[PDB]
Structure formats: C-alpha cells, structure tokens
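Below you'll find only one chain, the form deposited without the named molecule, shown as structure tokens.
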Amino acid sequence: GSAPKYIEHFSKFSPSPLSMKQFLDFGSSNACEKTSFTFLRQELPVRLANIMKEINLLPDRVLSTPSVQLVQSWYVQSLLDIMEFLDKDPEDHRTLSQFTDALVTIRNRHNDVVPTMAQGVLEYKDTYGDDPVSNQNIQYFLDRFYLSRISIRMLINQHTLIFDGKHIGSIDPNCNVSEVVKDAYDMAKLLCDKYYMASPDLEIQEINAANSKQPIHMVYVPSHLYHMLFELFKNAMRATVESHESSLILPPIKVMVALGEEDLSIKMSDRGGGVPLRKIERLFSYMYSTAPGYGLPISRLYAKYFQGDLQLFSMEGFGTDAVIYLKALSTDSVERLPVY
C-alpha cells in the first residue's frame, strides 16, 4: 500500500495548464506520441494526486460516505495504473500501446462519477440538511472536482483520439460556431417534440465585428460547446413550451454569435416567462438542483475551462438570456485548473 505516499509526493507539484497551441503541437503528428506519453505519465499523477489530496481533506462525515469512498477508490486505482509506466521505455512501441489502453480503461472506470456524486449530495441533504454554509462548501468542492475531471478527460481524449494507429483529436481548429448551435438545437428539438408535441423555432444572427461578411470560426472543442448549448436549449425550450400551453403563438429561441477582439460570445434568448432574480443562483447550485440534474453548473465549468464563462440573466414575466463567453484567440485559450 503506497497510495498515500504517491498522493503526498505528486500533490507537491502544481498541475501544468496547456494552451490551445500546445494541444495542437502535441496532436500535430503521430511522431509526438512519445512526447505525449512522457508528459502524461507525469502530469496525470500530478492532477490526480492534487484532487485526491483535497478529497482526503473533506470532513469525516463526507469522506466516510459510500459515494466518496467509491470515487476515491477509482482515483486510487487509476493513479496506480499510471505509475506502472513511469519506469517503462518510451522507445518501446508496446509501452505506448499499453499506455493508451490503460488510459481508455481509466476513462471508462470514471464514467459514472457525476451521478455518483449527485447521490452523495442527496444523501448529505437528507442526513445533515441544506443550509447555506453546506451549499457553499459543496459548491466549492464540486466545482473544483468537476473542473479537474474535465481537464483530465481532455488530456486522455487528446492522446487516445490522435495516437490510435483537419480535426486534432477533440479540437476543431476551424470550428463553425453556428453549425454547433444548429446541431444542439436540432437534438433539443427532437426531444422537445417527443415530450411536448411542439417546439420553438431557431433564429441565429452572427455579428463579426472585424469582418462583417465572414462566418465566425474559432479554435475550440466542439463537444464542449455542444454540451453547453444543448443544456441551454433544453431549458429554453421547456420554459418556452410550458409557459405557452394555453397560447397558440410559440416564440422562437434567438441565438446571437458575436466575434470581438478578444471575446467570442453566444447569447441564447427565450420568452419562457422568466425567473425571479432570487431564484437565479439556485439554478447553478449542486445542492439546490438535487432532488429525490447538474447540466447548468457543469456547463459553466466547460465554459470556464478555457478562460470563458457562462452567465444567466432573466426578466421575470418575459424571458431569459444566457451568454456563453469564450476566448476568441487561441493564444488566450489556456486550461483553467483548480488552484491548489
């Protein structure tokens, strides 16, 4: 049993956040597999150890619960799996293939962590209550835990996608934002029609300030952008349809994509009746969003992961706006990791 020793050792290192350029360089060609392996066999234990150390610092009433113990056991095994490759020779192609297989196993091992943590939150509410102090501590920990998870899965996805034997792994250097908006809308519309037998239309407007006629493209991870937009579309469609049940006119959902000098901003606007300001905060709360999902708080973490943000503003009695803020320039797109 060396896991506590491993956690203590690697938690002494700070994680190394990567920029988009570094991600592109790692994924530029298959010749970089050895470089990716040498980087990851060190970086992954550092990122795993730092969050694992924070987990062990949780109060005993949280640490001893089955959900936390289960998740911690997954992290311990994944940490130990990566340790086997520290002494292995990068020049051996068998080492590289085994490392890629190990990463896929690690990724699959953690697939259910989000619902597992949600179960823990519900247990905490029923076992100790839902006071504001508990909400803040849970919010602080889960935001960091999930942001850490996003960063680790990003590293694993880039290695496995690229070194399997235009797009650079999960990164699209020429991501057309409006196309991703349409994809997320279409998926949300399909679910909306199945459940409600009615769906708002989509209106997309683009504002390219520097080049008015040019479609807006960026370097980004389209799956992350899809996840944020899909979650927002689901909320906007549900609100729009339900608030107009006794009405015939169904207002469309309006999306504006704006490209500025440093911001690429996406605003989604509905006329779904709005939310009082008092209730806005609870929409992003893990504790208050638990009931006997976490789409919005996690969506905000995806936005923050590359130095962006996700903000919500409503007008009760009318409708709601959500804005995804992203960095327009790849030079400004850098991993945001929990501060340890």
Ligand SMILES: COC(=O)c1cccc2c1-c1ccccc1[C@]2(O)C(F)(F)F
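So that the term is clear: the rigid core is the largest set of C-alpha atoms that superpose within 1.5 Å between two forms. Heads up: residue numbers just count along the shown sequence, starting at 1.
- Coverage remark for residue 165: absent from the model in at least one third of the other entries compared whose chains are built on both sides.
- For residue 277, the fraction of other compared entries lacking coordinates, among those that model flanking residues, is zero, nowhere near a third.
- Unmodelled deposited residues between residue 292 and residue 293: 10 or more, per the record.
- Going from residue 165 to residue 166, you skip over 4 to 9 residues of the deposited sequence that the entry leaves unmodelled.
- The mean C-alpha temperature factor is higher for 245-253 when 178-186 and 245-253 are set side by side.
- 144-152 and 95-103 differ in mean CA B-factor, and the higher of the two is recorded for 95-103.
- In the deposited coordinates, the residue among 235, 212, 265, 158 with the greatest CA B-factor is 212.
- Out of 285, 299, 38, 314, it is 38 whose C-alpha atom has the highest B-factor in the PDB entry.
- Residue 50: CA B factor in the middle third of modelled residues in this chain (values from the PDB entry).
- Ranked against the other modelled residues of its chain, the C-alpha B-factor of residue 88 as given in the entry falls in the highest third.
- In this PDB entry, the Cα temperature factor of residue 61 sits in the top third of its chain's modelled residues, the highest group.
- The deposited CA B-factor of residue 327 belongs to the lowest third of values across its chain.
- Among the modelled residues of the chain, residue 124 sits in the middle third by CA temperature factor in this PDB entry.
Unshown form solved in complex with the named molecule; subsequent notes refer to it.
- Transferred by C-alpha superposition from where it sits in the entry with it bound, the named molecule brings 3 or more atoms within 2.4 Å of the backbone or C-beta atoms, leaving the site blocked.
- Of the stretches 204-212, 81-89, 155-163, 173-181, only 155-163 has residues with a heavy atom within 4.5 Å of the named molecule in the entry with it bound.
- None of the heavy atoms of residue 64 is located within 4.5 Å of the named molecule in the entry with it bound.
- Remark: residue 308 does not count among the residues lining the named molecule in the entry with it bound, judged by a heavy atom distance of 4.5 Å or less.
- Mapping the unseen interface onto this chain, residue 32 counts among the residues with a heavy atom inside 4.5 Å of the named molecule in the entry with it bound.
- Residue contact with the named molecule in the entry with it bound: residue 302 places no heavy atom within 4.5 Å of it.
- Taking a 4.5 Å heavy atom cutoff to the named molecule in the entry with it bound, the contacting residues in 13-51 are 18, 23, 26, 27, 30, 31, 32, 35, 36, 39, 40.
- Core-superposed comparison between this form and the one not shown: the CA of residue 277 stays below a 2 Å shift.
- Remark: with the core as the superposition reference, the CA shift of residue 69 between this form and the one not shown stays below 2 Å.
- Once both forms are fitted on their rigid core, the CA atom of residue 38 lies less than 2 Å apart between this form and the one not shown.
- Relative to the shown form, the Cα atoms of residue 29 and residue 98 move apart by 3 Å or more in the entry with it bound.
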